[PDB]
Amino acid sequence: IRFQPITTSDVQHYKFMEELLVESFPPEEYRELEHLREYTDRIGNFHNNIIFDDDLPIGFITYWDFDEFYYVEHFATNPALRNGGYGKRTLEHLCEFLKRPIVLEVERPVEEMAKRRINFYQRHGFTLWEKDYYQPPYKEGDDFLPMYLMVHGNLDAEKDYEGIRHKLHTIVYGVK
Numbered sequence: 002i003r004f005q006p007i008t009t010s011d012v013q014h015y016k017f018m019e020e021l022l023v024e025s026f027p028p029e030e031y032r033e034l035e036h037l038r039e040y041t042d043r044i045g046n047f048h049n050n051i052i053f054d055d056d057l058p059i060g061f062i063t064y065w066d067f068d069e070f071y072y073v074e075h076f077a078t079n080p081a082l083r084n085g086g087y088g089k090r091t092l093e094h095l096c097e098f099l100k101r102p103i104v105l106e107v108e109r110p111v112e113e114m115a116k117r118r119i120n121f122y123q124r125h126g127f128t129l130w131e132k133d134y135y136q137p138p139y140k141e142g143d144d145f146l147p148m149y150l151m152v153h154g155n156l157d158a159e160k161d162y163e164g165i166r167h168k169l170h171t172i173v174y175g176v177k
């Protein structure tokens, strides 16, 4: 498994990422596409990556570099590759590729699928933070989304959460 940074200059790969993104998330759950293009090539601490299994593109992951830690914004593999082991294989190498602490957001365990996602991440070495986190909306006027953060690496919720939340809301979500 291999991660490779991508620009919109990489026509085939970028379109692959973009199709898979739109098919994986509801429209309210990612930024406007024209903007996503802009972040990709314009924003230096924003990283858009295609995931390979050799030379087979199987996924994408986008993340932000915040010097102390990394924030995973979106992460998806190709749904044709279902029940094939790629989720685990990808998460495994993601922790090799990114060595500073890794932060992501998960849905709160209300539905069965939410509960499964959390145990999946916990099985693979992420700690669940029970802080009252909300994802600010991508589109002005859509809802703030109740979520939890999950962390892999040496960050303690008690000491670090407030500073991380603040970094996320202002830089990723453009609050204030």
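Numbering (the UniProt record's numbering), first residue to last: 2 to 177.
In this text, a Cβ means the ideal position worked out from N, Cα and C, and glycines have one as well.
Check, Outcome
"Whole-Å CB distance - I52 paired with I2, under 8 Å assumed", "7 Å"
"Per DSSP, cross-strand counterpart(s) of residue 1", "Outside the displayed span of the chain (2 to 177) sits residue 1, for which this structure offers no information."
"Boundaries of the beta strand (DSSP E) in which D161 is found, first to last residue", "No beta strand (DSSP E) contains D161, which is instead part of the alpha helix (DSSP H) from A158 to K168."
"Buried or exposed by the 16-neighbour rule on C-beta atoms within 10 Å, applied to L169", "buried"
"C-alpha distance - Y174 paired with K140, whole-angstrom precision", "10 Å"
"Extent of the continuous beta strand (DSSP E) run through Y64", "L57 to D66"
"Cα-Cα separation, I7 to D133", "34 Å"
"Whole-Å CB distance - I103 paired with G154, under 8 Å assumed", "6 Å"
"Under 7 Å between C-beta atoms of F4 and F67", "no"
"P80 versus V152 - alpha carbon distance", "25 Å"
"Run of the alpha helix (DSSP H) containing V23, from where it starts to where it stops", "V12 to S25"
"Member of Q136, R32, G164 and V23 whose CA lies at the smallest distance from the CA of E69", "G164"
"Cα-Cα separation, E35 to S25", "18 Å"
"Among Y122, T9, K16 and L129, nearest to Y40 - alpha-carbon criterion", "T9"
"Check whether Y87 and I44 have beta carbons under 7 Å apart", "no"
"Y40 in three-state terms, based on DSSP", "helix"
"Closest by C-alpha distance to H14, when choosing among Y31, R38, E30 and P27", "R38"
"Within-7 Å CB hit, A81 to chain C", "This model lacks chain C altogether, as it is built from one protein chain only."
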